[PDB]
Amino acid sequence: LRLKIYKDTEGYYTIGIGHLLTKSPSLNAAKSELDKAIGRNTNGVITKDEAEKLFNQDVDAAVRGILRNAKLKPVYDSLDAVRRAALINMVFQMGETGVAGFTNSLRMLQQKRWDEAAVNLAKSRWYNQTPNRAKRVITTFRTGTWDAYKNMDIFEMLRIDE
């Protein structure tokens, strides 16, 4: 959808399907990151094919972040496939270290206390800053369904949220 550099909900330079380029306030710094990611002089604009390539890599990266993380892996391993997509969604948005910080929520999720996990996940900066997205992800954790995305797989889910 967005094939030119934009800022994300935190004001950070981004392109494509939520591909964060840099936290630097320099648009030139962001353009340099873009060119390095794409492998050419893009001047701040990419193709659809390029956007989808970065997206595939970014999803892979989020899965790899979980599997390499001592706190996230055992939660991920305990979840069914639909709830695993909710966890990948969080990591995609906030990064592995950020999600690994939800210690209490992760525990509740591992215990399969879905309603209590949902309540705990909402007492977060995440929820207060991106409540509609957070509500969709949380409903996914609570129900183990894709109901919140009705009007599926992790790629489609992120295409919707991002």
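Throughout, we count residues from 1 along the sequence that is shown.
Using only C-alpha atoms and the B-factors in the entry, which stretch averages higher, 64-72 or 130-138?
Of 130-138 and 64-72, the stretch with the higher C-alpha B-factor average is 64-72.
Averaging only over Cα atoms, indicate whether 8-16 or 21-29 has the higher B-factor in the PDB entry.
According to the entry, 21-29 carries the higher average C-alpha B-factor.
Compare the CA B factors listed in the entry for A37, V59, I46, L121 and report the winner.
It is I46.
Per the entry's values, where does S105 land by CA temperature factor relative to the rest of its chain, in the lowest, middle or highest third?
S105: CA B-factor falls in the lowest third of its chain.
What third of its chain's C-alpha B-factors does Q111 belong to: lowest, middle or highest?
Its C-alpha B-factor belongs to the middle third of this chain's values.
Against its chain's modelled residues, does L158's Cα B factor rank lowest, middle or highest third?
Lowest third, going by the recorded CA B-factors of the chain.
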